[PDB]
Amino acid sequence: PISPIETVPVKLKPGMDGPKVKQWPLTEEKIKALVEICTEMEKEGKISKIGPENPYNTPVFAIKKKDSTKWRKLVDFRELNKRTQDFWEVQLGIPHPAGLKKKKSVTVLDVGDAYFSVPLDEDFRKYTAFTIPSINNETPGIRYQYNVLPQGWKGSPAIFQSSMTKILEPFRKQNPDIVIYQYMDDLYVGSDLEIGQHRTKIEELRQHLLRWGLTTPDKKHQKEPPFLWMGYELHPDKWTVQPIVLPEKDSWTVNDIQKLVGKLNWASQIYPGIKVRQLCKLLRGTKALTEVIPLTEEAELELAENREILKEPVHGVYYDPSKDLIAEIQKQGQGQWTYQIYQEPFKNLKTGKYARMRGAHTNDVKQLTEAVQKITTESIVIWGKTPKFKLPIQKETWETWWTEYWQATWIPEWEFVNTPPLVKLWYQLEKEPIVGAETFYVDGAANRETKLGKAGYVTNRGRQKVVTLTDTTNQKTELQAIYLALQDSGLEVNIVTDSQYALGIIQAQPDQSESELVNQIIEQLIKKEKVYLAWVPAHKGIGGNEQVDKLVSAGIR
């Protein structure tokens, strides 16, 4: 049928007129196929013959069908699509299984001939005109235009979905305790009614659907659970990802490793503890897809542990709105975090991992807080509320860090849970200068052209050193100067720099970095008992800063 539903008004992009692409001459067999196909469509109202006066045209092709003797028509809507108005997006996101309420029953109904069952704005059909060419282009071809939504036209997915929503509107209104998920040309229908009253509501829905042009399968032809959808496997009381097999390979190409990482990332939303860090490192660099990459031992250890995790099937449970959501996070090391979300202990709705880094230098307390933020946003999308958190960090550790740190934060309700490794601050910078601790005035400078520099220090105890550096920038030499001070000082030490840059990094109490130096600096700071770090304006003729300035400026400034 063609749905009696009002059409959606459609316009071409302003300043633009419809397409006028020239029809290429086809073979007779393709011309015959096309004529047969269009005749059938013409009979059912899908298309209509038009006169020669329509200026517009779009190429039509025909190709063989799945290796059979069936033919299929193929319109090239590239040019119309380029000229058609933009539409609102079909879906803003897709359900996650974990957010689906526990329910008695779900029926899937697909729509037959979806696009062709919906009318096209009449004032727009003229722009969809195509021409079936006569044999070797002797005579005027046959010309049609669409009355329904074309396959491959830009507007079809959106107008189809919105037609279905209008049609569904009253049925959903009258059936509040029935829920319907629309996906493409499928319809998932769920309820807490018992079988009979459910199979009865499905027929009422089918009938309503039919009164409106949409045919659907009957109980005999309705697909049954498990539902396979967007990579998931959906059962009445549980859900998992679709089956994942990790190939046996003597040797891995870039392409095999990419696919492996893809499947592993996908499994990680319900298989806890999946890691891809070491497999990802392998992918670094521009290499051919066909290129073989030997596995490092760390990547090899990683593949094994993932293989162990995936060996036995795991499933997730559905959502009960009357119970709380609990989210637990554990540190997995090397900036890797893993989480689980459940309502009844250890029956997970879903799992996830977080292994992002924000900035070049960071600490476990920042990272944990970013993981909580990520999980909060996800929960709001999936469930419409934030979970209760269980975190591997002491309340005192967390308030010590964030009351002192210069950026604002806030994570919702959490409780400490003792699931090592615990996150802790590894050193603390002193708040006041230390009495009876040597004071190093450090500095570093690099010649912009030479690309070589110096790093050194002067001491209030008269001590001093300078070192020469290759390939260095002004930024690096200032970190290097601070590193010297820590290497050559005792357990307590005051350090005076004039590098805001260096001050910033250290001030933030990083426990991990991208920079080799910063990690050396970090290891030092941990070994110390007290460190006080202070900043002075350069070139203001200050204190000891002036001395170490010139000592290091020479050669050259």
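The first residue of the shown sequence is 1; numbering continues from there.
Once you work out the mean C-alpha B-factor for both 209-217 and 363-371 from the entry, which is higher?
Mean C-alpha B-factor is greater for 209-217.
Take the C-alpha B-factors listed in the entry for 445-453 and for 310-318, compute each mean, and give the stretch with the larger one.
It is 445-453 that shows the higher mean C-alpha B-factor.
Which is it among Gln330, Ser134, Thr290, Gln258: the one with the largest CA B-factor in the entry?
Out of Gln330, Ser134, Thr290, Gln258, the record gives the largest C-alpha B-factor to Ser134.
Choose from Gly99, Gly262, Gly155, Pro140 the residue with the greatest Cα B-factor as stated in the PDB record.
Checking the PDB record, the top C-alpha B-factor among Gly99, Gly262, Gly155, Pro140 is at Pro140.
Where does the C-alpha B-factor of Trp402 rank in its chain, lowest, middle or highest third?
Highest third, going by the recorded CA B-factors of the chain.
Could you tell me which third, lowest, middle or highest, the C-alpha B-factor of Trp88 occupies within its chain?
Its C-alpha B-factor, which the entry lists for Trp88, ranks in the middle third among residues of this chain.
Cα B factor band for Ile2 (lowest, middle or highest third within the chain)
Tercile = middle for this residue's CA B-factor.
Looking at the C-alpha B-factor of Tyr532, is it in the lowest, middle or highest third of its chain?
Lowest third, going by the recorded CA B-factors of the chain.
Using the B-factor values recorded in the entry, state whether the Cα atom of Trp410 falls in the lowest, middle or highest third among the modelled residues of its chain.
Its C-alpha B-factor belongs to the highest third of this chain's values.
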